[PDB]
Every structure is written in structure tokens, then in C-alpha cells.
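First comes the structure, then the notes that go with it.
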Amino acid sequence: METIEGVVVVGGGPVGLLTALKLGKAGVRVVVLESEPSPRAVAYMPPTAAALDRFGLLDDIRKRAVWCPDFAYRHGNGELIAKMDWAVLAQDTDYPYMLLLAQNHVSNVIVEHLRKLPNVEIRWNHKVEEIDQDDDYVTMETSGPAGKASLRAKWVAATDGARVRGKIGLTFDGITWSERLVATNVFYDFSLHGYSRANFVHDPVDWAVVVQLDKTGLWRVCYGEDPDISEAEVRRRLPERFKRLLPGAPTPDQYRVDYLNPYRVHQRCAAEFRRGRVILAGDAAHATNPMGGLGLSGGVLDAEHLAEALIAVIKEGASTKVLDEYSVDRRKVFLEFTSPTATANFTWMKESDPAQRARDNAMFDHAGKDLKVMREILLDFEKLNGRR
């Protein structure tokens with residue numbers, strides 16, 4: 001059967017592609033098995049931009065991304081609670097901004113860079129059907145357009161989120177399901193009505209995340225809907241909901257809905273990010289609350305650390321303790337920073353007690369006017385880096 005003296009990466013999303021890119025550039029042989037809420041993880045804060053620059057990708061991403069110099073907290077009526085300006089970090093980082101870009105565009109850029117590396121192969125629409133391992137290799141049964149096949153590798157980097165993760169006997173903890181969310185992609189000129197490129201709308205009923213997807217003018221509007229109703233009824237309800245979720249109370253003729261999908265997500269964190277020769281990153285390892293997690297997925301920095309550790313093993317003789325260190329570092333980032341932050345963001349967002357809301361709004365109002373406090377808050381995102 002087919003043996004890879006190197007790494008098989010499972011999942012062709014950005015996390016998988018990045019891991020491959022950094023492995024590939026170090027001379028490790030890589031095979032990526034790619035297979036398939038359109039589109040999803042979309043915001044890059046400064047530490048992640050710094051990582052993208054280390055991968056050699058940032059210039060190409062910046063050509064296509066929506067440059068986002070600030071983000072806004074807004075009331076349900078659109079009025080500004082606080083605007084958080086990345087320029088307050090101009091002395092602290094070479095990347096004092098956010099970049100917004102749908103995942104498929106990001107993936108396409110990374111795929112361009114991978115094409116220059118003859119030691120990396122991307123296999124399109126190949127899925128892992130079975131996985132087992134022994135002392136020397138991880139053996140997989142795969143299916144692709146050519147039918148079934150067997151493949152083994154020295155190491156597997158699993159990056160896809162669908163229930164590999166659950167074939168190898170790993171325990172996931174902290175599993176919690178979301179409420180019913182609706183993801184819509186909308187052509188509406190939000191910026192003409194005063195919105196920033198990324199907005200968190202705080203309301204007990206009409207809370208939302210409103211963030212630009214690409215340079216076509218397409219925006220993602222994510223909001224809550226009654227969990228009991230049909231998808232047909234969600235669609236029928238949209239026009240009246242958009243009287244509040246879009247600024248300016250537009251009539252239907254002022255916007256075009258390109259896509260609509262109700263969906264639910266589980267949060268979770270694997271108990272350990274490695275089991276023998278299979279190592280988890282990104283969506284295979286963890287997922288944060290969906291509504292407060294903008295820019296906090298940790299996927300890029302997971303990929304960077306994972307590739308570095310695998311390189312040390314494969315090329316530099318290191319003991320597998322570097323892989324244990326990867327697991328401890330990245331799992332700590334999630335449990336200590338990413339998960340609690342995303343959870344607190346969403347709690348604030350949907351707070352329904354009027355007195356608590358008034359206090360929360362006083363806090364945001366302060367953070368938006370005191371630039372030193374604004375700076376401390378925006379610097380917090382550096383915790384995405386962990387201790388590495």
C-alpha cells in the first residue's frame with residue numbers, strides 16, 4: 001500500500017493548508033486530503049496577521065482582504081456603543097488592523113503557495129473512512145473520486161471538524177450546543193449607513209454579528225431565530241427581522257440576500273490534542289462559542305506551532321515531547337483565553353436584564369472613549385500566541 005514518509009494532513013481548510021505549507025517549505029513530504037455554512041471563519045486580528053506574515057502569505061491575503069481599521073459595538077437600533085480602533089496599537093505591532101476575508105478566498109491563496117512546493121500534494125475530495133495506528137505508522141482507509149484506497153503515514157495532522165477526531169478514541173470535553181443561529185450573506189451597503197466593517201450588535205432579541213465577507217460588497221449577518229420553526233418560516237421572517245438587523249430600517253428592495261442558512265454549532269475541546277501519531281489542530285481540536293468567537297478560532301497559530309513541532313521531530317531528531325508541548329500550549333490558549341472570551345462576548349451580547357445591560361453599556365462606553373483602556377483590551381488578543 002501507499003506509504004508516506006512524512007505527514008498526511010486531513011482537511012483542506014486554511015488550518016490544514018497552512019500546516020502543510022510550513023511543513024512543505026521545510027522539506028517534509030506532505031499529502032493533504034481535502035473534503036468540502038458557506039463561507040465561515042473570517043477575521044484576522046494582529047497576532048494572526050503576524051503569523052500569516054511568517055508563513056509568507058500576508059501580502060497576498062492583504063490584496064484581497066477587507067481592511068478593517070476598527071470594529072464597533074452597537075445597540076439593536078444601530079447606535080454606536082463603542083468603536084474600538086486598531087490604530088491605538090500602532091506602537092505595539094507592525095499589524096495594527098484586522099483583515100476580513102471569506103475562507104474560500106484564504107484557502108485559494110494558500111493553495112497558490114502550496115503549488116510551488118513539489119513535495120506537497122493536494123488530493124481533492126478524499127475522505128478518511130477508517131484510521132488506526134501502530135508503533136511506526138498511522139494507516140488510513142480513504143475514499144475519493146477513484147474509489148477506495150489505503151494510505152499510511154509517519155504522522156497525521158487532523159484539522160477537520162466533523163465527527164478522524166472521533167475515530168481515534170479521543171475524549172472531547174466541554175461539549176455545549178448553540179441556540180438556533182441564522183447565517184445570511186447579504187448585499188447591503190452597511191458602510192453607507194455608518195457601520196464599521198465588523199460590528200457586534202448588542203440586544204436581547206435582535207443581537208447580531210455583521211461583518212464584511214469580501215470586496216464584492218457581500219456581508220455576513222448572523223442572528224438568532226426561534227428554534228421551533230421550519231427553514232421556510234425562517235425565510236419568511238427575514239424581511240421583518242431585517243427592519244431591525246440592517247441599519248436604516250430598509251425595505252426589501254434596498255438589499256439582496258445571497259444565501260441563508262439556519263445552523264447550530266457545538267463548542268468543545270479535545271482532552272488532549274495528540275493521540276500517538278495523530279495530532280489535532282483547529283476545528284478538529286476545539287470550537288469556541290460561534291457568536292463571540294470572531295477572530296478567536298486560534299487555527300492559524302495552532303497550525304504554525306503544529307508544523308514547527310513536526311518539523312523538529314521529522315527533520316531535527318527531536319523527541320515527541322515537542323508534540324506534547326504543542327498540545328499543552330494550544331489547549332491552554334483555548335481553555336484559558338479563547339473559550340472564556342468568546343463565552344463572555346456572547347453573554348454581553350444577548351444580556352436581557354435591563355439593569356445589567358446598562359452596566360455593561362457603561363463599561364463598553366468607557367472602553368470606547370479611554371484610549372489606554374481600548375489599547376489594553378486590543379492587546380489582549382496577543383494571548384492567541386500562548387507562551388511560544
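Scheme for the C-alpha cells: letters A, B, ... for chains in order shown; per-chain residue numbers from 1; ligand numbers from 1 in order shown.
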Item to check | segment 33-46 of chain A surroundings by only C-alpha atoms, 6 Å radius, close-in-sequence under 5 positions cut, as a PyMOL selection string | outcome: chain A and resi 10-12+95+98-103+123-126+295
For segment 234-324 of chain A against segment 66-90 of chain A, with a cut-off of 12 Å and counting only C-alpha atoms, what is the closest atom pair and its distance in Å to one decimal for every residue that makes the cut, ordered by chain and number, as CSV?
```
residue,atom,partner,partner_atom,distance
A:241,CA,A:76,CA,11.3
A:242,CA,A:76,CA,11.3
A:243,CA,A:77,CA,9.8
A:244,CA,A:77,CA,6.7
A:245,CA,A:76,CA,7.3
A:246,CA,A:78,CA,8.0
A:247,CA,A:78,CA,5.8
A:248,CA,A:78,CA,8.3
A:249,CA,A:77,CA,9.2
A:294,CA,A:71,CA,11.0
A:295,CA,A:71,CA,11.7
```
Item to check | Backbone-only DSSP, strand (DSSP E) members of segment 18-257 of chain A, as a PyMOL selection string | outcome: chain A and resi 30-33+43-44+66-68+70-75+80-85+98-100+120-123+127-133+138-144+147-158+172-177+181-187+198-202+208-212+218-224+256-257
Checklist entry - A:315, A:113, A:180, A:235: which is nearest residue 263 of chain A, counting only C-alpha atoms? => result A:180
For the contact check between segment 176-276 of chain A and segment 281-286 of chain A, emit one row per residue of segment 176-276 of chain A within 7 Å, containing the shortest atom pair and the distance in Å rounded to one decimal, counting only C-alpha atoms, chain then rising number order, as a Markdown table.
```
| residue | atom | partner | partner_atom | distance |
| --- | --- | --- | --- | --- |
| A:268 | CA | A:286 | CA | 5.3 |
| A:269 | CA | A:286 | CA | 4.3 |
| A:270 | CA | A:285 | CA | 5.4 |
| A:273 | CA | A:285 | CA | 6.1 |
```
Checklist entry - Leaving out segment 154-165 of chain A and any residue of its chain fewer than 4 positions from it, which residues lie within 8 Å of it when counting only C-alpha atoms, given as JSON, numbers by chain? => result {"A": [4, 5, 6, 7, 8, 9, 10, 11, 12, 13, 15, 16, 19, 128, 130, 131, 136, 137, 138, 169, 170, 277, 278, 279, 280, 281, 282, 283, 284, 285]}
With N, CA, C and O atoms retained, export the selected residues as a CSV table (one decimal), in the first residue's frame.
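Output saved as selection-v2.csv:
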```csv
chain,number,residue,atom,x,y,z
A,4,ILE,N,3.6,7.2,3.1
A,4,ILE,CA,4.1,8.5,3.1
A,4,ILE,C,5.1,8.7,4.2
A,4,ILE,O,4.7,8.7,5.4
A,5,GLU,N,6.4,8.9,3.9
A,5,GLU,CA,7.5,9.1,4.8
A,5,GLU,C,7.4,10.6,5.2
A,5,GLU,O,8.3,11.4,4.7
A,6,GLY,N,6.4,11.0,5.9
A,6,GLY,CA,6.2,12.4,6.2
A,6,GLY,C,4.8,12.5,6.8
A,6,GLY,O,4.4,11.6,7.6
A,7,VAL,N,4.0,13.5,6.4
A,7,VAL,CA,2.8,13.8,7.1
A,7,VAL,C,1.6,13.8,6.1
A,7,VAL,O,1.7,14.3,5.0
A,8,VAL,N,0.5,13.2,6.6
A,8,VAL,CA,-0.7,13.3,5.9
A,8,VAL,C,-1.5,14.3,6.7
A,8,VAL,O,-1.7,14.2,8.0
A,9,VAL,N,-2.0,15.4,6.1
A,9,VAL,CA,-2.8,16.4,6.6
A,9,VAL,C,-4.3,16.1,6.2
A,9,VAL,O,-4.6,16.0,5.1
A,10,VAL,N,-5.2,16.0,7.2
A,10,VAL,CA,-6.6,15.7,6.9
A,10,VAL,C,-7.3,17.0,7.1
A,10,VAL,O,-7.4,17.6,8.2
A,11,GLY,N,-7.9,17.5,6.0
A,11,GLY,CA,-8.7,18.7,5.9
A,11,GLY,C,-8.0,19.7,5.1
A,11,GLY,O,-6.8,20.0,5.4
A,12,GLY,N,-8.7,20.3,4.1
A,12,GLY,CA,-8.1,21.3,3.2
A,12,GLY,C,-8.6,22.7,3.5
A,12,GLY,O,-8.7,23.5,2.5
A,13,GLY,N,-9.0,23.0,4.7
A,13,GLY,CA,-9.3,24.3,5.1
A,13,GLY,C,-8.0,25.0,5.4
A,13,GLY,O,-6.9,24.4,5.4
A,15,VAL,N,-6.5,25.8,8.0
A,15,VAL,CA,-5.6,25.2,9.1
A,15,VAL,C,-4.8,24.1,8.6
A,15,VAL,O,-3.6,24.0,8.8
A,16,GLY,N,-5.4,23.2,7.8
A,16,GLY,CA,-4.7,22.1,7.1
A,16,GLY,C,-3.7,22.6,6.1
A,16,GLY,O,-2.6,22.1,6.1
A,19,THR,N,-0.6,24.2,7.7
A,19,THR,CA,0.2,23.2,8.4
A,19,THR,C,1.1,22.6,7.2
A,19,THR,O,2.3,22.4,7.3
A,128,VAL,N,-11.2,10.3,4.8
A,128,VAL,CA,-10.7,9.2,5.6
A,128,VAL,C,-11.9,8.5,6.2
A,128,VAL,O,-12.8,9.0,6.9
A,130,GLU,N,-11.5,5.1,7.6
A,130,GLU,CA,-11.0,4.4,8.8
A,130,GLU,C,-9.6,4.8,9.1
A,130,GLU,O,-8.8,5.1,8.2
A,131,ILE,N,-9.2,4.7,10.3
A,131,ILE,CA,-7.9,5.1,10.8
A,131,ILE,C,-7.5,4.3,12.0
A,131,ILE,O,-8.4,3.9,12.8
A,136,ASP,N,4.8,2.4,14.3
A,136,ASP,CA,5.6,3.0,13.2
A,136,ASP,C,4.8,4.0,12.3
A,136,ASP,O,5.4,4.9,11.8
A,137,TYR,N,3.5,3.7,12.1
A,137,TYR,CA,2.7,4.4,11.1
A,137,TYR,C,1.2,4.5,11.5
A,137,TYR,O,0.7,3.7,12.4
A,138,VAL,N,0.6,5.5,10.9
A,138,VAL,CA,-0.9,5.7,11.0
A,138,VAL,C,-1.4,5.1,9.7
A,138,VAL,O,-1.0,5.6,8.7
A,169,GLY,N,-10.4,7.5,19.2
A,169,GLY,CA,-10.5,7.3,20.7
A,169,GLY,C,-10.1,8.5,21.5
A,169,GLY,O,-9.5,8.3,22.5
A,170,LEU,N,-10.4,9.7,21.0
A,170,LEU,CA,-10.1,10.9,21.9
A,170,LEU,C,-11.4,11.3,22.6
A,170,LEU,O,-12.4,11.1,22.0
A,277,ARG,N,0.4,9.1,16.9
A,277,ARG,CA,0.9,9.8,15.8
A,277,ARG,C,-0.1,10.6,15.1
A,277,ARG,O,0.1,11.1,14.0
A,278,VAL,N,-1.3,10.7,15.6
A,278,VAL,CA,-2.4,11.6,15.1
A,278,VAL,C,-2.4,12.8,16.0
A,278,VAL,O,-2.6,12.7,17.2
A,279,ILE,N,-2.3,14.0,15.4
A,279,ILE,CA,-2.3,15.3,16.1
A,279,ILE,C,-3.4,16.2,15.6
A,279,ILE,O,-3.6,16.3,14.4
A,280,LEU,N,-4.2,16.8,16.5
A,280,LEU,CA,-5.3,17.7,16.2
A,280,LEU,C,-4.9,19.1,16.1
A,280,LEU,O,-4.1,19.5,16.9
A,281,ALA,N,-5.5,19.9,15.2
A,281,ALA,CA,-5.4,21.3,15.2
A,281,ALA,C,-6.7,21.9,14.8
A,281,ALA,O,-7.5,21.3,14.1
A,282,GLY,N,-6.9,23.2,15.1
A,282,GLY,CA,-8.1,23.9,14.6
A,282,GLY,C,-9.4,23.3,14.9
A,282,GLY,O,-9.6,22.8,16.1
A,283,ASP,N,-10.3,23.2,14.0
A,283,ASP,CA,-11.7,22.6,14.2
A,283,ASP,C,-11.7,21.2,14.6
A,283,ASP,O,-12.6,20.7,15.2
A,284,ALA,N,-10.6,20.4,14.3
A,284,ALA,CA,-10.6,19.0,14.8
A,284,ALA,C,-10.4,19.0,16.4
A,284,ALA,O,-10.8,18.1,17.0
A,285,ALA,N,-9.7,20.0,16.9
A,285,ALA,CA,-9.3,20.1,18.3
A,285,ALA,C,-10.3,20.8,19.2
A,285,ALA,O,-10.5,20.4,20.3
```
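Considering the residues A:375, A:350, A:54, A:359 and counting only C-alpha atoms, residue 203 of chain A has its shortest atom-to-atom contact with A:350.
For the set A:221, A:205, A:210, A:149, the residue with the smallest atom-to-atom gap to residue 184 of chain A is A:221, counting only C-alpha atoms.
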Checklist entry - Closest to residue 116 of chain A among A:21, A:52, A:296, A:30, using only C-alpha atoms? => result A:21
Next on the checklist: Excluding segment 332-338 of chain A and its own-chain neighbours fewer than 4 positions away, which residues fall within 8 Å of it when counting only C-alpha atoms? Please give them as a count of residues only.
Outcome noted: 13
Item to check | Distance query residue 314 of chain A at most 10 Å, only C-alpha atoms, self and fewer than 2 positions along chain excluded, as a PyMOL selection string | outcome: chain A and resi 5-7+23+27-28+154-155+308-312+316-320
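When the distance limit is 6 Å and only C-alpha atoms are what count, the residues near residue 143 of chain A, minus those fewer than 3 positions from it on the same chain, are residues 126, 127, 147 and 148 of chain A.
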For those residues, write N, CA, C and O atoms to a file as a compact mmCIF listing (two decimals), in the first residue's frame.
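Resulting contents of part17.txt:
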```
# COMPACT_ATOMS: atom_id res chain seq x y z
N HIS A 126 -10.88 13.69 -1.15
CA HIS A 126 -10.53 12.42 -0.47
C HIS A 126 -10.91 12.46 1.01
O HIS A 126 -10.57 13.42 1.74
N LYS A 127 -11.63 11.43 1.45
CA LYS A 127 -12.07 11.37 2.82
C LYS A 127 -11.49 10.15 3.54
O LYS A 127 -11.30 9.06 2.97
N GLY A 147 -12.35 5.92 -6.07
CA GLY A 147 -12.85 4.81 -5.25
C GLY A 147 -12.04 4.69 -3.96
O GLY A 147 -11.52 5.68 -3.44
N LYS A 148 -11.91 3.48 -3.46
CA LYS A 148 -11.26 3.21 -2.15
C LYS A 148 -9.80 3.01 -2.30
O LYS A 148 -9.35 2.51 -3.32
```
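Relative to atom CA of residue 175 of chain A, atom CA of residue 208 of chain A is found at 23.0 Å.
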Checklist outcome for this item: Pairwise distance, atom CA of residue 211 of chain A with atom CA of residue 358 of chain A, equals 24.9 Å
Checklist entry - Looking at A:341, A:55, A:178, A:189, which one is nearest to residue 26 of chain A, with distances taken over only C-alpha atoms? => result A:55
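Distance annotation: of A:347, A:53, A:218, A:133, the residue with the minimal separation from residue 190 of chain A is A:218; atom set is only C-alpha atoms.
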